[PDB]
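Scroll down for the structure; my scribbles are underneath it.
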Amino acid sequence: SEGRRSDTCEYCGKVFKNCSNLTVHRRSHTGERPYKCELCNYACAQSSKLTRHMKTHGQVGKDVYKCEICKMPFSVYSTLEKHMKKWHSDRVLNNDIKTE
Ligand SMILES: [Zn+2]
Ligand SMILES: [Zn+2]
Ligand SMILES: [Zn+2]
């Protein structure tokens, strides 16, 4: 039992406690949306994690994302580019990311 009609993020859709704390958090994330997927029940702070997982969401059959060359499950396509570019260059090593 409660009501909220103002003091909420235009991008989270989540109610808050003060319009300035609303403003500063809406800048310190940006991200996209409440990070929440509507097809998975998943969320994580980055921007491009969601826009990539969104455009890679097409009829995966399992309501969870996976590397279509492995069949191996992984949260988002940005972590897969970092898996694929090194977890497939030496044999299935300690997942140490695409970097220089
Ligand atoms: Zn927000
Ligand atoms: Zn999803
Ligand atoms: Zn893979």
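A note on labels: chains of the structure tokens are A, B, ... as shown, every chain counts residues from 1, and ligands are counted from 1 in their shown order.
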Test item: residues no farther than 7 Å from ligand 2, counting only C-alpha atoms and all ligand atoms, as a list in words: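 Residues lying within 7 Å of ligand 2: residues 37, 38, 39, 40, 41, 42, 53, 54, 57, 63 and 64 of chain A.
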Surrounding residues as a PyMOL selection string, ligand 3, max 10 Å, only C-alpha atoms and all ligand atoms: chain A and resi 66-74+80-88+92
Please produce a file of the residues just selected, as a PDB file, in the first residue's frame, where the atoms kept are C-alpha atoms.
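Saved result, out11.pdb, follows:
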```pdb
ATOM      1  CA  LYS A  66      24.578 -18.512 -26.359  1.00  0.00           C
ATOM      2  CA  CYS A  67      27.669 -18.547 -28.686  1.00  0.00           C
ATOM      3  CA  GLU A  68      26.144 -20.108 -31.839  1.00  0.00           C
ATOM      4  CA  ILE A  69      29.618 -21.565 -32.876  1.00  0.00           C
ATOM      5  CA  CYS A  70      30.129 -23.261 -29.333  1.00  0.00           C
ATOM      6  CA  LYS A  71      26.493 -23.770 -28.263  1.00  0.00           C
ATOM      7  CA  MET A  72      28.025 -22.419 -24.929  1.00  0.00           C
ATOM      8  CA  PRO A  73      25.741 -20.059 -22.820  1.00  0.00           C
ATOM      9  CA  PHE A  74      26.892 -16.438 -22.055  1.00  0.00           C
ATOM     10  CA  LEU A  80      31.128 -13.302 -26.406  1.00  0.00           C
ATOM     11  CA  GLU A  81      33.351 -11.106 -28.682  1.00  0.00           C
ATOM     12  CA  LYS A  82      35.890 -11.195 -25.811  1.00  0.00           C
ATOM     13  CA  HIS A  83      35.446 -15.018 -25.364  1.00  0.00           C
ATOM     14  CA  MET A  84      35.496 -15.813 -29.148  1.00  0.00           C
ATOM     15  CA  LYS A  85      38.612 -13.688 -29.867  1.00  0.00           C
ATOM     16  CA  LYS A  86      40.718 -15.580 -27.196  1.00  0.00           C
ATOM     17  CA  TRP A  87      38.812 -18.676 -25.877  1.00  0.00           C
ATOM     18  CA  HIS A  88      39.029 -19.619 -29.568  1.00  0.00           C
ATOM     19  CA  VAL A  92      39.660 -22.900 -23.888  1.00  0.00           C
TER      20      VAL A  92
END
```
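The closest residue to residue A:77, picked from A:97, A:9, A:91, A:49 and counting only C-alpha atoms, is A:49.
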Residues near stretch 22-35 of chain A, cut-off 10 Å, only C-alpha atoms, skip fewer than 6 positions along chain, as a count of residues only: 20
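Secondary structure of stretch 28-93 of chain A, alpha helix (DSSP H) only (DSSP, backbone atoms): residues 28, 29, 48, 49, 50, 51, 52, 53, 54, 55, 77, 78, 79, 80, 81, 82, 83, 84, 85, 86 and 87 of chain A.
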